[PDB]
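Engineer: Got a sequence here, can you build the structure:
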Amino acid sequence: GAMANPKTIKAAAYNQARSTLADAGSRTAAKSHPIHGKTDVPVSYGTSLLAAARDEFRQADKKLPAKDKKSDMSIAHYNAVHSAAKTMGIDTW
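Structural biologist: Numbers count the residues shown, from 1 in each chain. Structure as follows:
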């Protein structure tokens, strides 16, 4: 379903979400840290990491045209940000 986020998100999704981005680099995550020894965090927490990379990737493919990018990011970057969202179970960040 769309237009709705999960009440919470497994910590594993956070570390796994940021990890995937690490392949290309983390702008916000670089200053922030993952989640450990925690039962579970709210979607609001995961969305921060998802949106952080989403906007960041947008700058990476800034040299490329809008047609050569999905929405506002390179198809290559979109796969990274999307891969994390899948683990976080969010679709409205």
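
Engineer: Tell me how many other residues surround the nearest residue to residue 9 once chain neighbours are set aside.
Structural biologist: The shortest distance from residue 9 to any non-neighbouring residue, by Cβ to Cβ, 6 or more residues apart in numbering, is to residue 46 (4.2 Å). C-beta here means a position set from N, CA and C on the backbone, and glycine is covered the same way. Using other Cβ atoms under 10 Å, residue 46 has 28 other residues around it.

Engineer: residues in contact with residue 46?
Structural biologist: 9, 13, 14, 17, 88, 90, 93 (Cβ atoms under 8 Å, 6 or more residues apart in numbering).

Engineer: repeat that for 10 Å
Structural biologist: Taking Cβ atoms under 10 Å, 6 or more residues apart in numbering, we find residue 46 in contact with 5-6, 8-11, 13-14, 17-18, 35, 84-85, 87-90, 93.

Engineer: so where does it fall, helix or strand?
Structural biologist: Element membership for residue 46, per DSSP states H and E: helix 43-60.

Engineer: What segments of the protein are helices?
Structural biologist: 11-22, 43-60, 75-88 (DSSP state H).

Engineer: buried ones in the first one?
Structural biologist: Residues 11, 13, 14, 15, 16, 17, 18, 20, 21 are the ones in helix 11-22 that count as buried (16 or more other Cβ atoms under 10 Å).

Engineer: And those, which is closest to residue 39?
Structural biologist: Nearest to residue 39 among those: residue 11, at 7.8 Å, using Cβ to Cβ.

Engineer: how about the nearest residue to that closest one, chain neighbours excluded?
Structural biologist: residue 35 (4.2 Å).

Engineer: Return the residues in contact with the one you found.
Structural biologist: Residue 35 sits in contact with 9, 10, 11, 12, 13, 14, 15, 18, 41, 45, 46, 49, where contact means Cβ under 10 Å, 6+ apart.
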